[PDB]
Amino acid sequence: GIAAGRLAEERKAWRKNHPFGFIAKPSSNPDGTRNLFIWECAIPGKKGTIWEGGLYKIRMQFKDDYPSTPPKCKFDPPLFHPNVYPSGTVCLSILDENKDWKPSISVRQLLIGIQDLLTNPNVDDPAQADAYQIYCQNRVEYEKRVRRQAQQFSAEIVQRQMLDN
């Protein structure tokens, strides 16, 4: 299968070298077999930012026509951020085949791109009204909420959950 072949390549590349603190792993079927089409991932908050210390779990679901189509990416649980929808999906052009997705983009590039969005909101792409308004009009409150969220989803807490899965 085209998708399965590429997904095995992505797994190998990720295991060989990936950015420190990130997680990206195919899930497991009931019996322990690898399911290449659903990955459980997590993005660390960027060091030196209000996101630091947090680890933000995100699921990738691939269709059979990947890499024509990008995976569906969804933060779980949903995150407070101007460009993350209340459902946890993300407003980001590289995640849309009809905008800036192209088949060569790697899992690493997706997760780095999403991290960059966390750090640097796009004020042209509001996805949730309250986070967007607070970001634009009450930055002190924005930063308080993001710092509290980084503690709520601390690396130690979140890693323990992921190991307990």
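Note that residue numbering begins at 1 and tracks the sequence as displayed.
*Asks:* Mind pulling up the entry and telling me whether 27-35 or 46-54 has the higher mean Cα temperature factor?
*Replies:* Comparing 27-35 with 46-54, the higher mean C-alpha B-factor belongs to 27-35.
*Asks:* Taking the Cα B-factors listed in the entry, which of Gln109, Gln137, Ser104, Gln115 comes out highest?
*Replies:* Within the set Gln109, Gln137, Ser104, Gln115, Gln137 shows the top C-alpha B-factor.
*Asks:* What third of its chain's C-alpha B-factors does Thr69 belong to: lowest, middle or highest?
*Replies:* Answer is lowest: the recorded C-alpha B-factor places it there.
*Asks:* Looking at the temperature factor on the CA atom of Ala13, which third of the chain's modelled residues does it land in?
*Replies:* Its C-alpha B-factor belongs to the highest third of this chain's values.
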